[PDB]
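S.K.: The file below is entry-v6.cif, mmCIF, C-alpha atoms and all ligand atoms:
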```
data_input
#
loop_
_atom_site.label_atom_id
_atom_site.label_comp_id
_atom_site.auth_asym_id
_atom_site.auth_seq_id
_atom_site.Cartn_x
_atom_site.Cartn_y
_atom_site.Cartn_z
CA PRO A 1 19.28 -20.27 16.17
CA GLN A 2 18.32 -17.33 13.97
CA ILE A 3 14.58 -16.68 14.12
CA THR A 4 12.73 -14.64 11.50
CA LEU A 5 9.59 -12.88 12.66
CA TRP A 6 7.08 -13.73 9.94
CA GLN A 7 5.46 -16.11 12.48
CA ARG A 8 5.19 -15.83 16.26
CA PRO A 9 8.59 -16.77 17.76
CA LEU A 10 7.24 -19.76 19.68
CA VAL A 11 9.75 -22.17 21.20
CA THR A 12 9.56 -25.22 23.43
CA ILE A 13 10.70 -24.60 27.00
CA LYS A 14 11.48 -27.16 29.72
CA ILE A 15 10.46 -26.23 33.24
CA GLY A 16 10.35 -28.83 36.03
CA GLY A 17 10.85 -31.57 33.42
CA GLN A 18 7.62 -30.48 31.63
CA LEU A 19 7.68 -29.22 28.05
CA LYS A 20 5.60 -26.15 27.24
CA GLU A 21 5.31 -23.69 24.36
CA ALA A 22 6.39 -20.08 25.00
CA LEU A 23 6.79 -16.81 23.12
CA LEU A 24 10.16 -15.05 22.98
CA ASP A 25 9.11 -11.50 23.84
CA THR A 26 11.74 -8.74 23.64
CA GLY A 27 9.13 -6.23 24.78
CA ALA A 28 8.65 -7.90 28.19
CA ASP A 29 10.87 -7.05 31.17
CA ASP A 30 9.70 -10.20 32.94
CA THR A 31 8.87 -13.81 32.18
CA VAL A 32 5.20 -14.70 32.67
CA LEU A 33 3.91 -18.26 32.63
CA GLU A 34 0.52 -19.96 32.76
CA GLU A 35 -0.88 -21.53 35.92
CA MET A 36 1.44 -24.33 36.96
CA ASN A 37 2.78 -26.02 40.10
CA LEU A 38 6.22 -24.74 41.01
CA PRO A 39 7.70 -25.86 44.33
CA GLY A 40 8.64 -23.62 47.24
CA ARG A 41 7.97 -20.04 48.20
CA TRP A 42 6.67 -17.10 46.17
CA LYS A 43 5.93 -13.39 46.56
CA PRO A 44 2.63 -11.75 45.51
CA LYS A 45 2.89 -9.31 42.61
CA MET A 46 0.84 -7.16 40.28
CA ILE A 47 1.42 -6.67 36.55
CA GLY A 48 -0.26 -3.84 34.66
CA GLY A 49 -2.02 -4.03 31.33
CA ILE A 50 -4.74 -2.14 29.50
CA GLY A 51 -7.34 -0.95 31.99
CA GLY A 52 -6.09 -2.83 35.05
CA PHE A 53 -3.78 -5.32 36.71
CA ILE A 54 -3.32 -9.08 36.90
CA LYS A 55 -2.38 -10.85 40.14
CA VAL A 56 0.63 -13.16 39.82
CA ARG A 57 3.05 -15.22 41.92
CA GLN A 58 6.75 -14.40 41.67
CA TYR A 59 9.15 -17.33 42.04
CA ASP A 60 12.92 -16.76 42.14
CA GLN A 61 15.70 -19.03 40.86
CA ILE A 62 13.66 -21.23 38.50
CA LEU A 63 15.54 -23.36 35.94
CA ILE A 64 14.22 -23.01 32.37
CA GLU A 65 15.80 -24.68 29.33
CA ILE A 66 15.34 -23.01 25.92
CA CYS A 67 16.80 -24.46 22.68
CA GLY A 68 19.65 -26.03 24.65
CA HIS A 69 20.32 -22.95 26.78
CA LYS A 70 19.83 -23.32 30.54
CA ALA A 71 18.61 -20.13 32.24
CA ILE A 72 17.91 -19.63 35.94
CA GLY A 73 15.70 -16.70 36.86
CA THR A 74 12.58 -15.12 38.23
CA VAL A 75 9.22 -16.13 36.74
CA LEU A 76 5.76 -14.69 37.29
CA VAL A 77 2.97 -17.27 37.36
CA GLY A 78 -0.59 -16.25 36.52
CA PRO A 79 -3.62 -16.54 34.22
CA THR A 80 -1.73 -15.53 31.08
CA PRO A 81 -3.16 -17.05 27.91
CA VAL A 82 0.37 -17.28 26.49
CA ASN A 83 3.70 -18.10 28.11
CA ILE A 84 6.03 -15.12 27.70
CA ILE A 85 9.81 -15.34 27.85
CA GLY A 86 11.02 -11.86 28.88
CA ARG A 87 14.35 -10.02 28.86
CA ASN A 88 15.42 -11.39 32.25
CA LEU A 89 15.85 -14.82 30.60
CA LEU A 90 16.47 -13.69 27.00
CA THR A 91 19.67 -11.93 28.11
CA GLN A 92 20.82 -15.14 29.84
CA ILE A 93 20.62 -17.11 26.58
CA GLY A 94 22.50 -14.44 24.58
CA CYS A 95 19.49 -13.20 22.65
CA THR A 96 19.86 -10.11 20.42
CA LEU A 97 17.77 -8.29 17.82
CA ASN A 98 19.42 -7.70 14.45
CA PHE A 99 18.44 -5.73 11.37
CA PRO B 1 22.23 -2.58 14.14
CA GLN B 2 22.51 -5.20 16.87
CA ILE B 3 20.20 -4.46 19.78
CA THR B 4 20.96 -6.16 23.10
CA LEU B 5 18.33 -6.81 25.75
CA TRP B 6 20.15 -5.67 28.90
CA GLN B 7 17.88 -2.64 28.60
CA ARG B 8 14.43 -2.30 27.00
CA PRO B 9 14.81 -2.25 23.21
CA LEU B 10 13.48 1.31 22.84
CA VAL B 11 14.32 3.02 19.57
CA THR B 12 13.55 6.25 17.77
CA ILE B 13 10.73 6.15 15.26
CA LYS B 14 9.39 8.76 12.89
CA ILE B 15 5.79 8.76 11.76
CA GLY B 16 3.70 11.62 10.32
CA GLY B 17 6.78 13.88 10.57
CA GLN B 18 6.99 13.31 14.36
CA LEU B 19 9.71 11.57 16.35
CA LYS B 20 8.77 9.19 19.15
CA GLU B 21 10.21 6.31 21.17
CA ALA B 22 8.93 2.79 20.66
CA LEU B 23 9.59 -0.71 21.96
CA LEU B 24 10.72 -3.40 19.51
CA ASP B 25 8.45 -6.27 20.61
CA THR B 26 8.93 -9.69 19.07
CA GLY B 27 5.94 -10.97 21.07
CA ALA B 28 3.47 -8.53 19.48
CA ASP B 29 1.69 -9.40 16.20
CA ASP B 30 0.71 -5.78 15.72
CA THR B 31 1.93 -2.21 16.18
CA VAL B 32 0.20 0.06 18.73
CA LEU B 33 1.08 3.75 19.16
CA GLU B 34 0.07 6.55 21.55
CA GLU B 35 -2.58 9.07 20.53
CA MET B 36 -1.23 11.24 17.81
CA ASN B 37 -2.41 13.57 15.04
CA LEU B 38 -1.93 11.56 11.82
CA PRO B 39 -3.30 12.62 8.45
CA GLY B 40 -5.22 10.26 6.20
CA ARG B 41 -7.91 7.61 6.28
CA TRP B 42 -8.35 5.15 9.11
CA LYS B 43 -10.76 2.48 10.29
CA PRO B 44 -12.22 2.29 13.79
CA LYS B 45 -11.22 -0.84 15.75
CA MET B 46 -11.98 -2.23 19.25
CA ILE B 47 -9.62 -4.33 21.37
CA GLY B 48 -10.51 -6.22 24.57
CA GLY B 49 -8.08 -5.66 27.47
CA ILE B 50 -8.14 -6.55 31.18
CA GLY B 51 -10.76 -4.17 32.58
CA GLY B 52 -12.48 -3.53 29.31
CA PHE B 53 -12.14 -2.58 25.69
CA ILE B 54 -10.19 0.24 24.12
CA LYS B 55 -11.08 1.94 20.84
CA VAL B 56 -8.23 2.67 18.45
CA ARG B 57 -7.77 4.01 14.92
CA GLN B 58 -6.32 1.60 12.39
CA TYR B 59 -4.16 3.19 9.72
CA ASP B 60 -3.07 0.95 6.79
CA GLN B 61 -0.22 1.45 4.30
CA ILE B 62 1.51 3.96 6.57
CA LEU B 63 5.19 4.84 6.11
CA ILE B 64 7.17 4.70 9.35
CA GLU B 65 10.91 4.99 10.00
CA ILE B 66 12.24 2.67 12.68
CA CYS B 67 15.77 3.33 13.86
CA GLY B 68 16.50 4.76 10.38
CA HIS B 69 14.84 1.98 8.33
CA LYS B 70 11.73 2.84 6.30
CA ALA B 71 8.82 0.43 6.70
CA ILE B 72 5.26 0.24 5.42
CA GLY B 73 2.40 -1.31 7.33
CA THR B 74 -0.54 -1.05 9.67
CA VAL B 75 -0.45 0.97 12.88
CA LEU B 76 -3.13 1.17 15.57
CA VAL B 77 -3.37 4.54 17.37
CA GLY B 78 -5.02 4.91 20.78
CA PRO B 79 -4.68 5.02 24.56
CA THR B 80 -1.68 2.70 24.94
CA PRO B 81 0.74 3.27 27.85
CA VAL B 82 3.71 2.38 25.61
CA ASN B 83 4.50 2.51 21.92
CA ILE B 84 4.91 -1.04 20.59
CA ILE B 85 6.46 -2.03 17.27
CA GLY B 86 5.21 -5.52 16.48
CA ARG B 87 6.14 -8.23 14.00
CA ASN B 88 4.11 -6.68 11.15
CA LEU B 89 6.78 -3.95 10.95
CA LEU B 90 9.79 -5.85 12.38
CA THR B 91 9.65 -8.16 9.33
CA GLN B 92 9.66 -5.11 7.04
CA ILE B 93 12.99 -3.87 8.45
CA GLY B 94 14.50 -7.38 8.23
CA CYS B 95 14.63 -7.91 11.99
CA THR B 96 15.72 -11.31 13.30
CA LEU B 97 16.05 -12.84 16.76
CA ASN B 98 19.46 -14.44 17.30
CA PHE B 99 21.01 -16.50 20.10
CA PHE C 1 -2.22 -9.10 19.89
CA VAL C 2 0.28 -7.50 22.30
CA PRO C 3 0.95 -9.77 25.32
CA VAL C 4 2.84 -7.12 27.36
CA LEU C 5 -0.25 -4.86 27.19
CA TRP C 6 -2.51 -7.86 27.95
CA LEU C 7 -4.24 -7.34 24.58
CA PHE C 8 -4.99 -10.42 22.46
MG MG D 1 17.32 4.84 17.96
#
```
What do you get writing this file as C-alpha cells?
M.R.:
Amino acid sequence: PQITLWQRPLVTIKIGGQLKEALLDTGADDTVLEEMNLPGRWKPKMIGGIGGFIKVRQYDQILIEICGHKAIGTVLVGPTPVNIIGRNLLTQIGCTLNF
Amino acid sequence: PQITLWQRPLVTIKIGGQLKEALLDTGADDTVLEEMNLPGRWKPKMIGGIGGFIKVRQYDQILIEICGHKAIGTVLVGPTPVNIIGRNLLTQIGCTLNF
Amino acid sequence: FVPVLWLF
C-alpha cells in the first residue's frame, strides 16, 4: 500500500497468531514491541532514550506478518507504550519513503 | 526522491540559514532539533522522557528546507541526541510510505 | 511524540 502521513502510520501485525497494532517507524533501527510471551531464548539489551535507558529482551528469528508481507527478524520486547516496526523489518517488506 | 531504509534515512536540512542532518521519522508526530541559535519568537514547552523531563523551545510557522523541499511548520529545539523530522513536516513535503 | 527518543 501507499500510506500518507497525515495520521500515524498504524498497521495490524500478526505475531504468534495474535493481531496487534504497530507503528511503521522509519526512524527506528530496531523493532520494539510491548510485553508479550514469545517462546524460546533471548538476550538482555538496553535501548537509550531521553535521560536514560530501557531494559528489553532481544529475540532473534521472529515471524511477523504486515499487510500480507511475511518478515522474519529480531525484535526487542519491553515496556514500550507503542509497538514500533523498525528498519530491520521495514526493509524486508520493501518499504521506501517517497516525496 | 526515493529513500530506501537499508541505512538510516538521514537527510540534509536547512533552517535559520544553517545546514544540519536530520532523520526522516514516520513514527514521530513532531519535529525535534538539537540546540541551535534561531531568531524569532518561541514558546517554552516541557516533555516527559525516561529519567525525567526536558525543556525545549517551540517555534511555530518556521520555514525549513528538507532535502531541497521547502516546508512550514512547528519545530521543537532542545537537548535531543538526534534531529528528528516528524509527520508534521513530512506531510508538507508530500512524503509517503510505500511497500 | 517521538517513540525512538522515548518521548510521548
Ligand atoms: Mg540530503
S.K.: Residues up to 10 Å from ligand MG 1 (chain D), counting all atoms listed in the file: could you list those as number ranges by chain?
M.R.: B: 1, 3, 9-13, 20-22, 66-68
S.K.: What's around residue 96 (chain B) at 12 Å? Count all atoms listed in the file, leave out sequence neighbours fewer than 6 positions away in its own chain, and write the answer as an mmCIF file with C-alpha atoms, in the coordinates of the input.
M.R.:
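Result saved to out21.cif:
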```cif
data_model
loop_
_atom_site.group_PDB
_atom_site.id
_atom_site.type_symbol
_atom_site.label_atom_id
_atom_site.label_comp_id
_atom_site.auth_asym_id
_atom_site.auth_seq_id
_atom_site.Cartn_x
_atom_site.Cartn_y
_atom_site.Cartn_z
ATOM 1 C CA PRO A 1 19.280 -20.270 16.170
ATOM 2 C CA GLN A 2 18.320 -17.330 13.970
ATOM 3 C CA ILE A 3 14.580 -16.680 14.120
ATOM 4 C CA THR A 4 12.730 -14.640 11.500
ATOM 5 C CA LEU A 5 9.590 -12.880 12.660
ATOM 6 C CA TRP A 6 7.080 -13.730 9.940
ATOM 7 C CA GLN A 7 5.460 -16.110 12.480
ATOM 8 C CA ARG A 8 5.190 -15.830 16.260
ATOM 9 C CA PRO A 9 8.590 -16.770 17.760
ATOM 10 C CA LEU A 24 10.160 -15.050 22.980
ATOM 11 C CA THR A 26 11.740 -8.740 23.640
ATOM 12 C CA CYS A 95 19.490 -13.200 22.650
ATOM 13 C CA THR A 96 19.860 -10.110 20.420
ATOM 14 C CA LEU A 97 17.770 -8.290 17.820
ATOM 15 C CA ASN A 98 19.420 -7.700 14.450
ATOM 16 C CA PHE A 99 18.440 -5.730 11.370
ATOM 17 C CA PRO B 1 22.230 -2.580 14.140
ATOM 18 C CA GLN B 2 22.510 -5.200 16.870
ATOM 19 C CA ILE B 3 20.200 -4.460 19.780
ATOM 20 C CA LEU B 24 10.720 -3.400 19.510
ATOM 21 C CA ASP B 25 8.450 -6.270 20.610
ATOM 22 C CA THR B 26 8.930 -9.690 19.070
ATOM 23 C CA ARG B 87 6.140 -8.230 14.000
ATOM 24 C CA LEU B 89 6.780 -3.950 10.950
ATOM 25 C CA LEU B 90 9.790 -5.850 12.380
#
```
S.K.: When you draw a straight line from CA of residue 86 (chain B) to CA of residue 29 (chain B), how long is it in Å?
M.R.: 5.2 Å
S.K.: Using only C-alpha atoms and a distance of at most 7 Å, pull out the residues of chain C that contact chain B, as a list in words.
M.R.: residues 1, 2, 3, 6 and 7 of chain C
S.K.: With a distance cut-off of 6 Å and all atoms listed in the file, select the neighbouring residues of residue 35 (chain A), excluding the residue or stretch itself and same-chain residues fewer than 2 positions from it, and output the selection as a list in words.
M.R.: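 The residues that qualify are residues 77, 78 and 79 of chain A.
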S.K.: Superposition of chain A onto chain B by least squares over all sequentially paired C-alpha atoms; the transformed chain is requested as a PDB file with C-alpha atoms, in the coordinates of the input.
M.R.:
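Below you can see out31.pdb, which holds the result:
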```
ATOM      1  CA  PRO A   1      21.930  -3.130  14.882  1.00  0.00           C
ATOM      2  CA  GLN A   2      22.181  -5.930  17.432  1.00  0.00           C
ATOM      3  CA  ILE A   3      20.134  -5.137  20.532  1.00  0.00           C
ATOM      4  CA  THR A   4      20.661  -6.891  23.863  1.00  0.00           C
ATOM      5  CA  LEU A   5      17.649  -7.099  26.140  1.00  0.00           C
ATOM      6  CA  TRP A   6      19.044  -6.017  29.502  1.00  0.00           C
ATOM      7  CA  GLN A   7      17.148  -2.720  28.984  1.00  0.00           C
ATOM      8  CA  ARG A   8      13.856  -2.050  27.206  1.00  0.00           C
ATOM      9  CA  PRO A   9      14.522  -2.097  23.432  1.00  0.00           C
ATOM     10  CA  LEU A  10      13.478   1.521  22.911  1.00  0.00           C
ATOM     11  CA  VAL A  11      14.277   3.132  19.567  1.00  0.00           C
ATOM     12  CA  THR A  12      13.526   6.453  17.918  1.00  0.00           C
ATOM     13  CA  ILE A  13      10.912   6.260  15.169  1.00  0.00           C
ATOM     14  CA  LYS A  14      10.017   8.894  12.557  1.00  0.00           C
ATOM     15  CA  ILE A  15       6.356   9.188  11.660  1.00  0.00           C
ATOM     16  CA  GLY A  16       5.018  12.195   9.729  1.00  0.00           C
ATOM     17  CA  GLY A  17       8.385  13.928  10.205  1.00  0.00           C
ATOM     18  CA  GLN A  18       7.975  13.714  14.028  1.00  0.00           C
ATOM     19  CA  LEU A  19      10.433  11.768  16.168  1.00  0.00           C
ATOM     20  CA  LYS A  20       9.004   9.558  18.903  1.00  0.00           C
ATOM     21  CA  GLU A  21      10.287   6.803  21.182  1.00  0.00           C
ATOM     22  CA  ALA A  22       8.902   3.281  20.654  1.00  0.00           C
ATOM     23  CA  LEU A  23       9.381  -0.239  21.984  1.00  0.00           C
ATOM     24  CA  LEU A  24      10.351  -3.082  19.649  1.00  0.00           C
ATOM     25  CA  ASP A  25       7.852  -5.733  20.730  1.00  0.00           C
ATOM     26  CA  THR A  26       8.163  -9.229  19.226  1.00  0.00           C
ATOM     27  CA  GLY A  27       5.125 -10.313  21.227  1.00  0.00           C
ATOM     28  CA  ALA A  28       2.770  -7.880  19.443  1.00  0.00           C
ATOM     29  CA  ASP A  29       1.034  -8.801  16.177  1.00  0.00           C
ATOM     30  CA  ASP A  30       0.252  -5.136  15.559  1.00  0.00           C
ATOM     31  CA  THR A  31       1.847  -1.730  15.948  1.00  0.00           C
ATOM     32  CA  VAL A  32       0.133   0.509  18.507  1.00  0.00           C
ATOM     33  CA  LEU A  33       0.918   4.194  18.891  1.00  0.00           C
ATOM     34  CA  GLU A  34      -0.075   6.987  21.259  1.00  0.00           C
ATOM     35  CA  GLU A  35      -2.679   9.606  20.382  1.00  0.00           C
ATOM     36  CA  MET A  36      -1.429  11.535  17.378  1.00  0.00           C
ATOM     37  CA  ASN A  37      -2.740  13.270  14.249  1.00  0.00           C
ATOM     38  CA  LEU A  38      -2.410  11.066  11.194  1.00  0.00           C
ATOM     39  CA  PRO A  39      -4.016  12.273   7.964  1.00  0.00           C
ATOM     40  CA  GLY A  40      -6.792  10.539   6.052  1.00  0.00           C
ATOM     41  CA  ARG A  41      -9.212   7.745   6.774  1.00  0.00           C
ATOM     42  CA  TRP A  42      -9.253   5.105   9.509  1.00  0.00           C
ATOM     43  CA  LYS A  43     -11.291   2.094  10.623  1.00  0.00           C
ATOM     44  CA  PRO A  44     -12.539   1.569  14.208  1.00  0.00           C
ATOM     45  CA  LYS A  45     -10.984  -1.371  16.044  1.00  0.00           C
ATOM     46  CA  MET A  46     -10.823  -3.089  19.402  1.00  0.00           C
ATOM     47  CA  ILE A  47      -7.721  -4.558  21.049  1.00  0.00           C
ATOM     48  CA  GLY A  48      -8.005  -6.930  23.998  1.00  0.00           C
ATOM     49  CA  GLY A  49      -6.025  -6.851  27.207  1.00  0.00           C
ATOM     50  CA  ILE A  50      -6.473  -7.982  30.790  1.00  0.00           C
ATOM     51  CA  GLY A  51     -10.107  -7.578  31.793  1.00  0.00           C
ATOM     52  CA  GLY A  52     -11.321  -5.656  28.745  1.00  0.00           C
ATOM     53  CA  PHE A  53     -10.696  -3.870  25.472  1.00  0.00           C
ATOM     54  CA  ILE A  54      -9.234  -0.586  24.263  1.00  0.00           C
ATOM     55  CA  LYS A  55     -10.775   1.388  21.391  1.00  0.00           C
ATOM     56  CA  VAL A  56      -8.297   2.326  18.657  1.00  0.00           C
ATOM     57  CA  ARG A  57      -8.139   3.779  15.140  1.00  0.00           C
ATOM     58  CA  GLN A  58      -6.579   1.645  12.412  1.00  0.00           C
ATOM     59  CA  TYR A  59      -4.702   3.516   9.681  1.00  0.00           C
ATOM     60  CA  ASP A  60      -3.301   1.660   6.658  1.00  0.00           C
ATOM     61  CA  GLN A  61      -0.163   2.435   4.641  1.00  0.00           C
ATOM     62  CA  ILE A  62       1.657   4.650   7.161  1.00  0.00           C
ATOM     63  CA  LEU A  63       5.376   5.343   6.601  1.00  0.00           C
ATOM     64  CA  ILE A  64       7.546   4.721   9.686  1.00  0.00           C
ATOM     65  CA  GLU A  65      11.347   5.000   9.722  1.00  0.00           C
ATOM     66  CA  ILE A  66      13.279   2.907  12.274  1.00  0.00           C
ATOM     67  CA  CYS A  67      17.106   2.986  12.558  1.00  0.00           C
ATOM     68  CA  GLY A  68      17.379   3.812   8.855  1.00  0.00           C
ATOM     69  CA  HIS A  69      14.800   1.243   7.750  1.00  0.00           C
ATOM     70  CA  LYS A  70      11.669   2.577   6.037  1.00  0.00           C
ATOM     71  CA  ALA A  71       8.547   0.497   6.730  1.00  0.00           C
ATOM     72  CA  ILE A  72       5.045   1.105   5.390  1.00  0.00           C
ATOM     73  CA  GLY A  73       2.208  -0.552   7.265  1.00  0.00           C
ATOM     74  CA  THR A  74      -0.898  -0.559   9.377  1.00  0.00           C
ATOM     75  CA  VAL A  75      -0.823   1.244  12.735  1.00  0.00           C
ATOM     76  CA  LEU A  76      -3.365   1.308  15.543  1.00  0.00           C
ATOM     77  CA  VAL A  77      -3.710   4.669  17.283  1.00  0.00           C
ATOM     78  CA  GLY A  78      -5.012   4.846  20.845  1.00  0.00           C
ATOM     79  CA  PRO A  79      -4.402   5.700  24.513  1.00  0.00           C
ATOM     80  CA  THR A  80      -1.384   3.416  24.870  1.00  0.00           C
ATOM     81  CA  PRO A  81       1.112   4.617  27.465  1.00  0.00           C
ATOM     82  CA  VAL A  82       3.937   3.241  25.307  1.00  0.00           C
ATOM     83  CA  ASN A  83       4.429   3.136  21.548  1.00  0.00           C
ATOM     84  CA  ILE A  84       4.693  -0.496  20.446  1.00  0.00           C
ATOM     85  CA  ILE A  85       6.354  -1.628  17.234  1.00  0.00           C
ATOM     86  CA  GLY A  86       4.760  -4.995  16.363  1.00  0.00           C
ATOM     87  CA  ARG A  87       5.584  -7.869  14.011  1.00  0.00           C
ATOM     88  CA  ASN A  88       3.830  -6.273  11.030  1.00  0.00           C
ATOM     89  CA  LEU A  89       6.646  -3.679  10.908  1.00  0.00           C
ATOM     90  CA  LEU A  90       9.421  -5.714  12.575  1.00  0.00           C
ATOM     91  CA  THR A  91       9.301  -8.222   9.701  1.00  0.00           C
ATOM     92  CA  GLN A  92       9.618  -5.349   7.198  1.00  0.00           C
ATOM     93  CA  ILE A  93      12.909  -4.203   8.749  1.00  0.00           C
ATOM     94  CA  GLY A  94      14.376  -7.740   8.818  1.00  0.00           C
ATOM     95  CA  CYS A  95      14.123  -8.199  12.566  1.00  0.00           C
ATOM     96  CA  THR A  96      14.940 -11.622  14.075  1.00  0.00           C
ATOM     97  CA  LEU A  97      15.426 -13.086  17.548  1.00  0.00           C
ATOM     98  CA  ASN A  98      18.679 -14.953  18.144  1.00  0.00           C
ATOM     99  CA  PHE A  99      19.998 -17.058  21.000  1.00  0.00           C
TER     100      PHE A  99
END
```
S.K.: So, with all atoms listed in the file as the atoms that count, which of A:40, A:52, A:17, A:64 lies closest to chain B?
M.R.: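 Of A:40, A:52, A:17, A:64, the one nearest chain B, counting all atoms listed in the file, is A:52.
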S.K.: What is the CA of residue 93 (chain A)-CA of residue 33 (chain A) distance in Å, reported with one decimal?
M.R.: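 Here the two named atoms are 17.8 Å from each other.
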S.K.: Between CA of residue 51 (chain A) and CA of residue 43 (chain B), what distance in Å does the model show, to one decimal?
M.R.: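 One can read the CA of residue 51 (chain A) to CA of residue 43 (chain B) distance as 22.2 Å.
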S.K.: In terms of the shortest atom-to-atom distance over all atoms listed in the file, which of A:76, A:62, A:55, A:37 is closest to chain B?
M.R.: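 Of A:76, A:62, A:55, A:37, the one nearest chain B is A:55, counting all atoms listed in the file.
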S.K.: Around all of region 4-7 of chain C's listed atoms, make the axis-aligned box with 5 Å on each side and tell me centre and edge lengths in Å to one decimal, as lines of an AutoDock Vina configuration file.
M.R.:
```
center_x = -0.7
center_y = -6.4
center_z = 26.3
size_x = 17.1
size_y = 13.0
size_z = 13.4
```
S.K.: Between B:71, B:15, B:63, B:23, single out the one closest to chain A, counting only C-alpha atoms.
M.R.: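 Closest candidate: B:23.
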